[PDB]
Amino acid sequence: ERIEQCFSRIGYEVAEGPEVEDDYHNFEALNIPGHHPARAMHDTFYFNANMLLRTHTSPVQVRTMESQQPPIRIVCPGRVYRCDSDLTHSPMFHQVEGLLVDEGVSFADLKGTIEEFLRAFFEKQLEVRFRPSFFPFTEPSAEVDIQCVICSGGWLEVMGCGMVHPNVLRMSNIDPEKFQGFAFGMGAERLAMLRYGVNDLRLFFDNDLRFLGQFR
Amino acid sequence: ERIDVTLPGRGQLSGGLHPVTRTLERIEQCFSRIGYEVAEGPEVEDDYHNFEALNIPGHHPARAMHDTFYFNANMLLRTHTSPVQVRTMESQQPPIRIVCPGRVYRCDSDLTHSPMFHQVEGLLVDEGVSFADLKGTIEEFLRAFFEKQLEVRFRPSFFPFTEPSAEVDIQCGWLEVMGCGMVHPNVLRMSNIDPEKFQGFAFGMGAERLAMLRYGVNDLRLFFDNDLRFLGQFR
Amino acid sequence: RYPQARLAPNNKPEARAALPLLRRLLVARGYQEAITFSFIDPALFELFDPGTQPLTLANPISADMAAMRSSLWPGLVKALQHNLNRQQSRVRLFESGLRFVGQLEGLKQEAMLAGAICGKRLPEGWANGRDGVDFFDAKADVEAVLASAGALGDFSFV
Amino acid sequence: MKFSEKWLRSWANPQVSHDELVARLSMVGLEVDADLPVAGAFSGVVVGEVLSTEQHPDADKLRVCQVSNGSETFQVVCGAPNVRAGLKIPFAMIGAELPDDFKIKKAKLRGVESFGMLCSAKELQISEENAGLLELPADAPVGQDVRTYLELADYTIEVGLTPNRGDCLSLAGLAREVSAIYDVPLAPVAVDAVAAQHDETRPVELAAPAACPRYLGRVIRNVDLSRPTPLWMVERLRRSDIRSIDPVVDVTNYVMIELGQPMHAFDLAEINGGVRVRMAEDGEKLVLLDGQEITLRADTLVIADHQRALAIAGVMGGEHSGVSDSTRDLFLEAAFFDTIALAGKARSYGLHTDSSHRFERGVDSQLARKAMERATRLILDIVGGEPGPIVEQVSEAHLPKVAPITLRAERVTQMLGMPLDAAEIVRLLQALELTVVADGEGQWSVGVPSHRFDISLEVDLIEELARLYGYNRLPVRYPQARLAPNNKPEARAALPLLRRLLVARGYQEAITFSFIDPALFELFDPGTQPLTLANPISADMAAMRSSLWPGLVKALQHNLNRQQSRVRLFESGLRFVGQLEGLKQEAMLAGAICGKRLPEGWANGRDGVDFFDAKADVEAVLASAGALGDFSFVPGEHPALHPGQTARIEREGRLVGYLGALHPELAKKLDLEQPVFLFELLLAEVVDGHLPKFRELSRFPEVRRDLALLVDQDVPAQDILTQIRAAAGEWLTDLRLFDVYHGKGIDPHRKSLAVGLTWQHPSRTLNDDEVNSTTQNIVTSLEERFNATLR
Ligand SMILES: COc1cccc(-c2cc(C(F)(F)F)[nH]n2)c1
Ligand SMILES: COc1cccc(-c2cc(C(F)(F)F)[nH]n2)c1
């Protein structure tokens, strides 16, 4: 609710999609080739050769890009699934993904958006760090760090972002010469744990009333 | 053997909100979703904020006791939520994007008019604001509010605080629903905003009038009687 | 045209009980929302606020609309009896608005949330007890409001 | 990718401390995962040489040694089983400070004087080898500080590389970055060509040039594979997490880690008629060096001879073709394998090697020759032998070629939110070894070097610029937007609204797994085939839920077992209905309750929750958008619910959902002893409502009449209430069922329904005659439709 409010107040529309997705929307449309390791059964839950449980809410952003022409300002909260499960990782979790596609969007615009969102979210004028990273769907890309002012009980990685890849737009009929865009992703449980001081991620899916009752 | 029927459920059920409250919430939402901040101010105001700052001269008929409720020579009950927009302009420098819902008072009362009522006023002050920007804003607001792609008409009017100014009509052969205009240079100047660098637009609307159009309410007096037979209809 | 804006993500703090939130809570708790005139009869004002000089209007619309309210209670009670006289038994109302405390020099204009209840504790129904409302019914309503932002412990009823 | 900083600094030295370098690395896109010292701290330890050993005359486990530090001979008593004359060892002199505050002092061990100590790797925190003394190379410099000699003043930096930086999978790659980052000279290893000593070659055929456009081969005759890998190489490999196995593998690994070129050595005797670089035949069998017997596919590139496959190209060598103890001659290989042609191939056989990784990520297409010469020199140095000429087989047509990219300055300024100077742009791009030629005002033609496989577009160039400039040095702006006022329709019950309503109504919000146990699924949905996962995490998480109920019930009993009596939970989420072809993914709002109706309190009745408590909760939700009248609760049946206490919820005949008590048989099966009440609503049928349509308020009094109605115990109350409304005329303002009686005062198969009927005329007062008239028509209608009677 809190993540959505930060953006909906500034013109972002809440977009939803199906949890049972296809290879095109979940991978192909996002510049993830057929031979890419993310597609494997070691990371992705499958029903058959083409149908799966979505690994991210990125397919929702794809379905939006196909349906309409820019401007696009969307936030995509939802349940996502990953085959890699143990402590620190659950087979099901929640993440919010964002997308802004307009005529003159920059990496400076992205930095501004992310830095202000984190400040708004954590209710502090905290330091925000942008480290170069990689994603098939974005270029340039960054891993976003914040200080330990919200503890580990001197930086913490909280989210990722980047400028939408030209091929990602092109594939979804958006001219990369006319339109630029930025996208971002974050894990809801990671954020909740930082916010509320929750140590064990497994408390989120047990539904013990002694846990739940603490958030009244 | 332990069978039962489909009788009503046990206990308390929900009540509801007042139709004006529903209407104010709705008006605010149209703008808050696009960067407008909700601004509030006092209901007991001074002559400066309520009139002088809004380019209403001392000898102006609106100031008289036939229209304005007074406590003394300088203290009154606000005739509009415009003083809130003034207090905002004094406190900060542009950009300003605000909506000002609230209780307002007018001495003129009988049928079609109540001594107390609600209105929402808007203000946008930035570097390159135009009358085209204002038309766009108003037309899209009304469409959003009445949930229809209705025709919007702008008729030239007058206000001391705005120039140019317009009365805004919508179909159903037309109905006047709100007023607006480009903020007067003197209004900005008085509140330390340079009219050479900054332009702005403002708008005003009556909540009860809008609620009456939306819900089919005939008599404006139903709004302040609080008859449960009236209220219950907006659950 | 539609005006351009360099807008940044923002939000109010998480741990706060806003008035739109509280209104809906009271709705769910079986209350109807009333809006009453801010200026009341000086005699009514005196009944609820003995010894206080109201902030009185110089040109009131009528004499029974001359005093600025220092409580939403006279107005709520009046709306409650308006209904009682109109064949209503169970009247559960709430209002939010300003109170006017003091004379011009030192005047406090504070936002209040007030509520008034009467009649049976529950609506008339086959599954419902015919007990009349009491203090502890209103208490639960206040408790629910006071706990809306996870700070119920910060409050005490003395 | 792990490496020794000392070795990196020998190529490109940043002139900043370790801490500064490790910090910057992450800030330029090479995230450091670890930085550790190569050894423990100690002083006064030098290279010593054992001149003679003698048996200690008063302790058999000890030896009396004469040891030189290159300046003086000292008598040291030693108990290590490997201590012997000629041995080069770490000599800790008197005064030396060893780890864990161990100061070497003078000693008289069993009547014999000892002027120092000889050390093991363990004693010095070098390795965990305490088996004996750390035997140093025969040619070690006697007297030199052991930390100096063994390069112990060093750290191992580990980088978590991104798939686009395959070029950084070597010291050559990483040093090039450092040189760019810090604008410092790059000094790569000078690799002199090794001259052929003979003319023996083996032919090489490129049968698949599209998958291997370049292949280099070399004959190395009469190698002594009994010889050891030198310490410098073992240490360099170790500091990169490569364990020493054999001299030949160690060299091919060393060259790969040093330059980035994976290489392979074959036993020349195992090559029949020269090399053939070709695709495998379908079902071709090859035993790898690790013993794995792979059954190959026609899409897989192999290195073969004229008889059979020898290796799976660029991933792993075969057992037969590979070096053994009996090997006297070698055939060295350094080739370029196309990344596209190799992608996923190792994984498809369940394999992953340092070679497969580098080739998939990209190996500099021009590198093979420098690598070949380097590995030739190292092989001759380590195991001797005689090199023949290099056989280079190349396919010019299939070599990788990236077209030059035009970079526009305005596009850099736009993207970065600030302009960069032309000199700065050129300097940065040229440091990365890109070819920058000016192409008019604020435009360049840039060429991509052979080691870079991630650069093909203008945006990739801008990324490089941003990266090396510093992401955190870039400006901050908020995106512009032409925003118009907008809103969703007024008369709608959204899920955030409904959640808060349920909260206010005393519910706790649960979130359960979307995939459940197929056996649990079967309990709630008998006879339905769930949408089952092909690769579930466990077998009890194989079925996609068709209801939020199994999950809610399970969370409810989780709590019951945890000393909870009153459990009131709700969940919102998708249901999965049908198989892929026709699958419906609908959002649901479900709730589950048990225990006392009210929490424990002095003022609260101790009655337990029932159907009508859950009913009120559903009613409150269904009324959220002023459309309660649009819904009907009809007696229905559901397999998970009690058939005597189940309501089917409908809107215009369409199914909204169900409300009921959990079936006692299901409870038995789940070991649930308490009654549980469930509801589930299809959100699509709940969200729409109606906008208020004002109806004028009468100035006149209302009139009420009460009716006590005797009806058959089984006739539904809503059927009667509906008949009453139909027969009450136009002025009925309210109908209330205020009591139900099924007692002794009447027949055991009947029930009394006490109803209150209110009428109000909008324009006048109602008279008693007309009201009694209307009342009688209601009664008459109920007598004919239900054989009803007044009490
Ligand atoms: C950490 O997750 C992230 C980080 C950065 C970008 C994205 C992303 C990009 C897109 C799309 F559809 F526009 F291409 N969807 N999501 C996701
Ligand atoms: C019908 O009400 C209206 C119509 C047009 C303009 C305005 C208005 C202008 C201002 C201020 F303070 F900014 F100058 N406040 N309100 C109000």
Each label point is 7 Å from the Cα along the Cα-to-Cβ direction; what then is the distance between the points at A:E13 and D:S324, in nm? 7.1
Among residues other than D:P530 whose Cβ falls under 14 Å from its Cβ, what is the net charge (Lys/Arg +1, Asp/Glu -1)? -1
Determine, from the Cβ-Cβ distance of D:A41 and C:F157 and an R0 of 56 Å, the FRET efficiency 1/(1 + (r/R0)^6), rounded to the nearest 0.05. 0.25
Largest-first ellipsoid semi-axes for segment D:461-534, taking √(5λ) over the Cα gyration tensor eigenvalues, angstrom: 46, 28, 15
Across peptide D:576-584, what mean number of C-beta atoms from other chains lies inside 10 Å of a residue's C-beta? 2
Near the amide H of D:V45, under 5 Å away, which other amide H atoms are found, from residues 5 or more places off or on another chain, if H is placed in the peptide plane? D:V146
What FRET efficiency do you get for C:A144 and A:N48 if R0 is 41 Å and r is their Cβ-Cβ distance, rounded to the nearest 0.05? 0.25
For D:383-396, mean number of other protein chain Cβ atoms within 10 Å: 0
Segment D:569-664: GluC sites (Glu not before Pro) falling in loop per DSSP and having at most 11 other Cβ within 10 Å: D:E581, D:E600, D:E652
Mean shadow area (nm²) of the C-alpha convex hull around segment D:39-153 is 6.5
Restricted to Cα positions, what overall size does chain D have along the principal axes? Three whole-Å values, descending. 133, 81, 58
List the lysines whose Cα sits under 22 Å from the Cα of D:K751, skipping any in the same chain fewer than 8 residues away. D:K615
Candidates C:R92, C:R121, C:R69: whichever shows maximal mean-square fluctuation once chain C is modelled as a Gaussian network with Cα springs under 10 Å: C:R121
If you bin every alpha carbon distance in chain A into 5 Å steps from zero, what whole percent lands in each bin? 1, 7, 14, 18, 20, 18, 12, 7, 3, 1, 0
Computed over chain B, Kirkwood Rh from alpha-carbon pairs, angstrom: 19.4
For segment D:485-690, the charge dipole (Cβ of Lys, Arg +1; Cβ of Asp, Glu -1; about the Cα centre) points to a positive end, and the Cα of D:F631, D:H690, D:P530 closest to that extreme belongs to D:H690
Quick one: Cα convex hull volume of segment D:196-394, Å³ per residue? 105
With helices defined as uninterrupted DSSP H runs, which ones in chain D have an alpha carbon span along their own long axis of at least 20 Å and mean Kyte-Doolittle hydropathy of at least -0.5? D:368-383
Which FRET efficiency value, to the nearest 0.05, is calculated for D:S127 and D:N222 with the Förster distance at 25 angstrom and r the Cβ-Cβ distance? 0.15
Taking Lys and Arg as +1 and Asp and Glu as -1, residues besides C:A18 with C-beta under 15 Å from its C-beta add up to +1
Rounding to the nearest 20 debye, state how big the charge dipole of chain D is about its Cα centre with +1 on each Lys and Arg Cβ and -1 on each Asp and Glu Cβ. 1840
Would you look at the GNM of chain C, springs on alpha carbons closer than 10 Å, and say which of C:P54, C:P20, C:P42 moves the most? C:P20
Counting only residues 5 or more places away or on other chains, whose amide H sits under 5 Å from the amide H of D:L109 once H atoms are built in the peptide plane? D:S114
What is the set of long-range amide H partners of B:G102 at a cut-off below 5 Å, with H atoms built 1.01 Å from backbone N? B:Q119
What one gets for segment D:400-475 as the Kirkwood radius, inverse of mean 1/r over different Cα pairs in Å, is 12.5
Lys and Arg at +1, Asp and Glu at -1: add these up for the other residues within a Cβ distance under 10 Å of B:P185 and post the number. -2
Spacing of the two label points (7 Å from each Cα toward its C-beta) at A:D200 and D:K108, in nm: 6.3
Dipole magnitude (debye, nearest 20) for chain A, charges at Cβ of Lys, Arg, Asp, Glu: 460
If the cut-off is 29 Å between C-alpha atoms, which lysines fall inside it for D:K108, apart from same-chain ones fewer than 8 positions away? D:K61, D:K88, D:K122
Could you tell me which of D:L231, D:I593, D:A788 has its Cα farthest along the dipole of chain D towards the positive end, charges placed at Cβ (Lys, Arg +1; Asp, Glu -1), taken about the Cα centre? D:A788
When you look at the Cβ of every residue in B:67-75, what mean number of other chain Cβ atoms sits within 10 Å? 4
Using a Cα-Cα cut-off of under 20 Å, which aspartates and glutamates could be cross-linked to D:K669, ignoring same-chain neighbours fewer than 8 residues away? D:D517, D:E522, D:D525, D:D540, D:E637
Suppose the Debye formula is applied to equal point scatterers at every Cα of the protein assembly as shown; what is log10 I(q)/I(0) at q = 0.04 Å⁻¹? -0.38
Please give the contour-minus-distance gain from D:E770 to D:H742: 0.36 nm per residue of separation, less the Cα-Cα distance, rounded to one decimal in nm. 6.9 nm
I'd like the Karplus ³J(HN,Hα) series for segment D:525-536: coefficients 6.51, -1.76, 1.60, θ = phi - 60°, whole numbers in Hz, and an x wherever there's a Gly or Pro. 10, x, x, 9, 7, x, 7, 9, 5, 7, 10, x
In chain D, with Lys and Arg counted as +1 and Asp and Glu as -1 at Cβ, which of these residues, D:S395, D:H357, D:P485, has the Cα nearest the positive end of the dipole, that is, farthest along it? D:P485
What does the charge dipole of the protein assembly as shown about its Cα centre add up to, to the nearest 20 debye, if the Cβ of each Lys and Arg holds +1 and the Cβ of each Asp and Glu holds -1? 2820
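Ideal geometry is used to build each Cβ from the backbone, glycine not excepted, and the neighbour counts take in all protein chains shown. We did not get these values from a lab; they are worked out from the coordinates using the rules stated.
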